[PDB]
There are 2 protein chains.
Amino acid sequence: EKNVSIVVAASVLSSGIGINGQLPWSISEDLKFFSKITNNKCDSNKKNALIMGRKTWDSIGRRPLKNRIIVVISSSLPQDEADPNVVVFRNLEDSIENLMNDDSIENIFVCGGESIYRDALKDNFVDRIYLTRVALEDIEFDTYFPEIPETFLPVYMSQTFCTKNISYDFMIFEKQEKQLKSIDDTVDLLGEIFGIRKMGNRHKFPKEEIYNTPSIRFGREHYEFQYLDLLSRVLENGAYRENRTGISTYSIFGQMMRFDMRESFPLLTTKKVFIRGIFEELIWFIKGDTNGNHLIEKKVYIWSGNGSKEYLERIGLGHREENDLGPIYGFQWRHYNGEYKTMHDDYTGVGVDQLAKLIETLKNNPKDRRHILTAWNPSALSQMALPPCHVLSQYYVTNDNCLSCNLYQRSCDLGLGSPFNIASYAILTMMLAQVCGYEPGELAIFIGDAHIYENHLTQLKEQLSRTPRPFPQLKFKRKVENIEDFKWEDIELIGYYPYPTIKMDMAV
Amino acid sequence: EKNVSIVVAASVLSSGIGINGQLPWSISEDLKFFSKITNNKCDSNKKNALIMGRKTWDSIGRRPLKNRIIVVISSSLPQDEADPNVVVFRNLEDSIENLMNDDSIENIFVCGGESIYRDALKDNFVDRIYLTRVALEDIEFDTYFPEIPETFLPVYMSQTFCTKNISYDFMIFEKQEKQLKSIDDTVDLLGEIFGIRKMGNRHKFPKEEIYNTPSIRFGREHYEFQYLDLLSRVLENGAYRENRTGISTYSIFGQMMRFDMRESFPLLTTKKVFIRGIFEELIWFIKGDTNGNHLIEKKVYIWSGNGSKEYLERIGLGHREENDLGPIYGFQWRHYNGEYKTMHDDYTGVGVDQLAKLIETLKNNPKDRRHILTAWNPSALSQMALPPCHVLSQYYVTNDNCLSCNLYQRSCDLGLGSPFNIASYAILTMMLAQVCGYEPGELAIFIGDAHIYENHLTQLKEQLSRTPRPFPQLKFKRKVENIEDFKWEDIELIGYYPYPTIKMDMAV
Ligand SMILES: NC(=O)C1=CN([C@@H]2O[C@H](COP(=O)(O)OP(=O)(O)OC[C@H]3O[C@@H](n4cnc5c(N)ncnc54)[C@H](OP(=O)(O)O)[C@@H]3O)[C@@H](O)[C@H]2O)C=CC1
Ligand SMILES: NC(=O)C1=CN([C@@H]2O[C@H](COP(=O)(O)OP(=O)(O)OC[C@H]3O[C@@H](n4cnc5c(N)ncnc54)[C@H](OP(=O)(O)O)[C@@H]3O)[C@@H](O)[C@H]2O)C=CC1
Ligand SMILES: C#CCN(Cc1ccc2[nH]c(N)nc(=O)c2c1)c1ccc(C(=O)N[C@@H](CCC(=O)O)C(=O)O)cc1
Ligand SMILES: C#CCN(Cc1ccc2[nH]c(N)nc(=O)c2c1)c1ccc(C(=O)N[C@@H](CCC(=O)O)C(=O)O)cc1
Ligand SMILES: Nc1nc(=O)c2c([nH]1)NCC(CNc1ccc(C(=O)N[C@@H](CCC(=O)O)C(=O)O)cc1)=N2
Ligand SMILES: Nc1nc(=O)c2c([nH]1)NCC(CNc1ccc(C(=O)N[C@@H](CCC(=O)O)C(=O)O)cc1)=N2
Ligand SMILES: O=c1ccn([C@H]2C[C@H](O)[C@@H](COP(=O)(O)O)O2)c(=O)[nH]1
Ligand SMILES: O=c1ccn([C@H]2C[C@H](O)[C@@H](COP(=O)(O)O)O2)c(=O)[nH]1
């Protein structure tokens, strides 16, 4: 037997791979990959064979590839005994005698051409596939990688990467057909004896019917699986509970998520997110605004519910204006400990400006361990339309001049609250970094009460039924002098190709 | 071939298994385990031989064990053809023949007894060794397990369990002799290509030279490993960097640790922990004290350093008395936003009782998601001997009436700070529970700057060279009617057997 792997790079949505004999994009790390993969081998005294269509041979330059043997499939091309590091065959099946001898060849890579992929697949010759998904999708194509036959299952998806503002993943479908017992069993037994008494059982591993792309067992790199998995994790152990809202949830306590911000922008793809809204709110915070209306005007309604005459009236703040939200986030960011009257007053100069002292210590003293911004002020709470969920964040300058962020969130609405929460604090960290001359670090969100509203069940289950695409890229069209200066227009969202929106009602 | 595992239960410290023919303790769950392991089989038509020395046969009642076959090793016992579930052999080596036929016997267990254990081992008959460590060392024994030969390596260790106040582990030692590549390779490659651009590379798996009990790969269940590893994980990616003191540290950002409290007390065993200090400080906080003297008088000198006049002066608080630390934790706990004057004043009635409320909230509103207690108050930081390190915590009542805790720490000194932070916060929860009538739940700790001070390495290296023993148990001797009434006398620390104490100087 001998191994056969396809190696290709297609657009994320339509699988385009070619245009007028050329690749539709130029990503050097990808070829660097293609090289490393096609070339990796055990027997130093052996070489890998890369089968490829002629039309490709032409694009390749009709010149050999170092250390390897090119194998062209053509009907006209002459079997040239001239170069020993290339050879022609009249058809794909015949070419696949590399196994049947030529014991010098260790592995075999089907190396592309729409025609040459489709056939290597139809005739069932390939075992693995090394698929590079390129985020970028709105530009003419004439060649296309086929539809990965159902006999193939994703077993790896690398983290999203970026080159020239083009995002891309490296995932490797394998075709399957067909640590020790000791430990797994000892634990299973100890699991029966002791019951809920063994913490292990309090945290059970999600069932496959609620696991997103369950075929990807050991290589869930893509940091979207940090949320899709927390999702499925409460869906498994979430304990049913009532709460103030009137809509019971399923909740565990003490979770964590992570995100890379260097090569991508953790805007979920398994569902189309309201990015603009996410923004107009985050800026609303930075400005230190608390007038719910200033968002209704830019057509953002995330803060109507917890805002209204009726709700207000109901929680003890009916003395409040239709939409005066009291000293919520922002007022606490820009005016800590300020004596709040109404959303109409001029609060300038009152209260501690955390945000400001933050930027200031950020750039003046980087390795300081007190880059904290908080929103939990006991003295205030009762006046707020709702207490702080993202309660306190802490910011951290790496040695390589990168800004990392840590957020604690007491109550996380995995359905509606989180997607926004992950994005927002990404963006705020970038703005923060751009203003202090540093670049995106990482993102860690620590949740206390991670829950799912019972009326978000059929939805989150669909979302979990979608395989993650590459995270897009977020860019600022200009550098600003003051952090409170950004505008929606100053933002470039590049390469966002999410699944359609999933409608979910809010639990007021 | 055919497997031969040793099953035994010995005291943590001296491996005591015997006393006047009786097990020196009675733990049903342990026996339950034994029954489960010696019955674990694959072929419904086969059985497992359990080998024991006569002396044990006697202790077990000379009655057969359901579903298994007992093999007694004795010189005088007759070869009674009477029972078909029991049989006698003259010498161990003999016996084990078993094997050399009886395709009926699927697995073999040496159910032990000092004389047989020793001999079973010396002649290299045993493949595995299931060992139940029992946290009670201070009783007289007369029979011991032998010393596990070097040829054996621990591959698993269970979390600590508790029965009748007795703490114990379940671990399994395997004997050494001699994922799917495709991924570990595609990931290693992308690792070369991309560099520190691939997040995975900024988080690198610790090297064996610094990994605790590295033989335990997939079975690191003990929750001492939640800290022992965080340690070995900065020791790997720890970015060297300066800070306000003369001692620099190696740090990473965004780490997490988990601890059970339902069956144990996360007191580090790898080294002897000042527990009485951890306490006195906590009770100090609870009372809402800020006079660092009160700790000195009780022979607790942790707040000496950050309290000296030479220090207070150094940070611009020279107007402060010898040890008035200011509105640090406790004043923030019991008097949030209180206008701090001196440590001798009467703050009763001033500020916000967070603790007070936290309690009335835990009792009257459990499912409430705003169970929160903060110490980070922007307005007070300035006049604060040292800013808040355990910055905020959130508490959580399970559906089965257990109290859980979550802590965000902005700056964690894994050398000295963390250890205390883990305990001091176990305890506080347990206390809160005994006062709201709940039982301990889980404890999670989300860290920010996780660092090591560069003058702790030789120490933490030592600590790390030690195999963690089972966690102790901590119970209260009386039910206080008011949280602040607790006293050290009230604490019972049962089953603590930590390795020698490790000296480490603090960085003022
Ligand atoms: N994203 C990726 O990984 C890759 C993308 N691409 C893109 O796709 C394009 C290549 O696709 P495509 O144009 O289909 O070229 P192909 O890779 O399909 O090459 C097919 C060539 O092989 C010969 N051939 C086809 N069938 C047979 C047969 N049965 N027997 C003998 N010879 C045969 C043909 O020449 P003849 O008429 O002489 O038989 C033809 O020129 C390129 O433009 C490139 O941009 C290419 C490779 C990889
Ligand atoms: N904690 C735990 O998991 C366990 C603890 N224990 C404790 O340890 C003690 C074990 O008893 P101990 O006497 O030390 O050992 P055992 O009782 O296991 O075995 C000794 C008996 O086995 C026979 N025997 C063993 N080896 C030989 C041999 N080579 N040739 C002939 N006969 C042999 C002897 O019979 P004879 O003298 O007639 O030749 C002797 O009576 C028990 O008292 C028990 O309390 C026991 C099992 C498990
Ligand atoms: C988190 C957070 C901040 N907030 C503030 C906020 C206020 C009250 C809340 N109440 C409850 N029960 N859960 C919340 O998440 C929540 C969040 C948000 C509020 C609403 C939406 C929301 O309804 N999003 C919908 C609407 C999208 C659209 O308008 O097109 C969505 O599908 O994303 C998002 C964020
Ligand atoms: C954490 C925390 C609270 N605190 C307060 C506190 C204040 C400033 C700090 N500063 C730094 N750099 N690290 C700290 O751990 C630290 C801790 C502690 C302070 C000291 C010790 C300490 O010296 N422990 C020694 C002493 C043991 C003994 O003599 O009994 C130890 O080995 O355990 C522990 C806790
Ligand atoms: N995954 C993948 N990515 C691609 O860009 C790609 C692909 N597969 N399959 C075919 C193809 C088009 N043909 C070719 C032929 C040769 C090289 C090439 O440059 N090979 C060198 C790369 C060395 C480098 O880029 O540093 C090699 O090392 O083999 C690239 C594409 N391109
Ligand atoms: N590791 C270890 N732990 C033990 O507790 C232990 C051990 N090894 N080896 C021998 C032993 C004592 N042997 C036995 C044998 C039978 C019973 C019994 O009456 N019933 C069960 C024991 C546990 C249970 O109650 O289920 C049995 O297996 O026979 C008890 C102790 N106990
Ligand atoms: O930043 C935010 C805004 C609020 N919510 C969700 C969390 C809880 O579902 C919710 C309800 O409120 P509380 O009962 O926890 O206060 O709003 C978020 O998840 N994150
Ligand atoms: O609960 C505690 C008490 C303080 N420290 C240590 C952490 C740092 O070494 C120092 C905090 O000083 P800053 O550099 O973070 O301001 O004290 C702890 O680790 N944990």
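Just so it is clear, none of the values below were taken in a lab; they were calculated from the coordinates. When we count neighbours, we look across all protein chains shown, and the Cβ atoms used for this are built from the backbone with ideal geometry, even at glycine.
Descriptive notes on the structure:
- Counting only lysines at least 8 places from A:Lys271 when in the same chain, those with an alpha carbon closer than 27 Å to its own are A:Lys164, A:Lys204, A:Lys207, A:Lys298, A:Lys299, A:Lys461, A:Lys475, A:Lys477, A:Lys487, A:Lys503, B:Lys198.
- Unit charges at the beta carbon, dipole of the stretch A:177-224: most positive-side option, A:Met199, A:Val187, A:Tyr211: A:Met199
- With the alpha-carbon atoms of the stretch A:107-235 aligned to their principal axes, the span from lowest to highest coordinate is 61, 37, 24 Å, starting with the largest.
- Neighbour-count ranking [beta-carbon atoms within 10 angstrom, fewest first] of B:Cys412, A:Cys389, B:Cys42: B:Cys42, A:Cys389, B:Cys412
- Sites listed here are trypsin sites (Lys or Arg not before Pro) in the stretch B:355-386 whose DSSP assignment is loop and whose Cβ has at most 10 other Cβ atoms within 10 Å, and the list is empty.
- With its label point defined 7 Å out from Cα along the Cα-to-Cβ axis, A:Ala82 lies at 9.6 nm from the matching points of the other copies, in increasing order.
- Between the listed residues A:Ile60, A:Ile37, A:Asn48, the Cα displaced farthest toward the positive end of the dipole of the stretch A:10-63, a dipole computed from Cβ unit charges relative to the Cα centre, is found at A:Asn48.
- Stokes-Einstein diffusion for the stretch B:334-444, with the hydrodynamic radius set to the Kirkwood value over Cα pairs and evaluated at 10 °C in a medium of 1.306 mPa s, equals 104 µm²/s.
- Comment: the Cα-to-Cβ extended label point of B:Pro146, at 7 Å, lies 6.3 nm from its counterparts in the other copies, nearest first.
- Annotation: the antiparallel percentage among DSSP beta bridges lying fully within chain A is about 55.
- When restricted to Cα atoms, the stretch A:72-175 yields an Rg and a Dmax of 16.5, 45 Å, respectively.
- Among the trypsin sites (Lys or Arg not before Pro) found in the stretch A:24-125, those both in a DSSP coil and sparsely packed, with 11 or fewer other Cβ atoms within 10 Å of their Cβ, are A:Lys66.
- Ranked from shortest, the separations from the 7 Å Cα-to-Cβ label point of B:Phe218 to its equivalents in the other copies are 1.0 nm.
- Expected-Rg normalisation [2.2 N^0.38 Å, Cα atoms] applied to chain A: 1.17
- Against the compact-protein benchmark of 2.2 N^0.38 Å, the Cα-based radius of gyration of the protein assembly as shown scales to 1.06.
- A simple count of charges around A:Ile196, restricted to other residues whose Cβ falls under 9 Å of its Cβ and scoring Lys, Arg +1 and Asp, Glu -1, yields +3.
- Proximal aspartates and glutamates relative to A:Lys66, as straight alpha-carbon distance under 15 Å, when same-chain residues fewer than 8 apart are discounted: A:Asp83
- Think of each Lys and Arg Cβ as +1 and each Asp and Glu Cβ as -1; about the Cα centre, that makes the dipole of chain B roughly 760 debye.
- Reachable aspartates and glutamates, given that their alpha-carbon falls under 16 Å from the alpha-carbon of A:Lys309 and they are not under 8 places away in the same chain: A:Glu321, A:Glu322, A:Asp324
- Two-decimal log10 I(q)/I(0) for the stretch B:177-224, as the Debye equation yields it once each C-alpha is a single scatterer, q = 0.21 Å⁻¹: -0.94
- Separation between Cα centres of the stretch A:216-246 and the stretch A:394-455, rounded to whole Å: 17
- Annotation for the stretch B:398-491: GluC sites (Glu not before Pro) lying in DSSP loop with at most 16 further Cβ atoms inside 10 Å of their Cβ are B:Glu454, B:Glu481.
- If the Kirkwood radius is taken over C-alpha pairs of the stretch A:1-176, then at 10 °C and 1.306 mPa s the Stokes-Einstein diffusion coefficient equals 96 µm²/s.
- Principal axes of the stretch B:344-408: Cα extent on each, largest first, Å: 42, 27, 17
- Summing charges over all other residues whose Cβ lies under 14 Å from the Cβ of B:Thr374, with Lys and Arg as +1 and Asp and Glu as -1, gives +4.
- The stretch A:1-176 - share of DSSP beta bridges that are antiparallel (%, nearest 5): 40
- Surrounding net charge for B:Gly16, when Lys and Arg each add one and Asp and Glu each subtract one, Cβ distance under 12 Å: -4
- Ranking of B:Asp449, A:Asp119, B:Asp346 by count of other Cβ atoms within 10 Å, fewest first: B:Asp346, A:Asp119, B:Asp449
- Applying D = kT/(6 pi eta Rh) to the stretch B:456-504, where Rh is the Kirkwood radius over alpha-carbon pairs, T corresponds to 37 °C and eta to 0.692 mPa s, the Stokes-Einstein value obtained is 241 µm²/s.
- With the convex hull of its Cα atoms as the shape, the stretch B:225-508 has an orientation-averaged projected area of 14.6 nm².
- If only the Cβ of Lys and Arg carry +1 and only the Cβ of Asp and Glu carry -1, the dipole of the stretch A:13-92 around its Cα centre is close to 140 debye.
- Here the stretch B:177-224 is assigned +1 on the Cβ of each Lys and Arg and -1 on the Cβ of each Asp and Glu. Its dipole about the Cα centre then comes out at about 220 debye.
- Of all DSSP beta bridges in the stretch B:225-508, antiparallel share, percent nearest 5: 75
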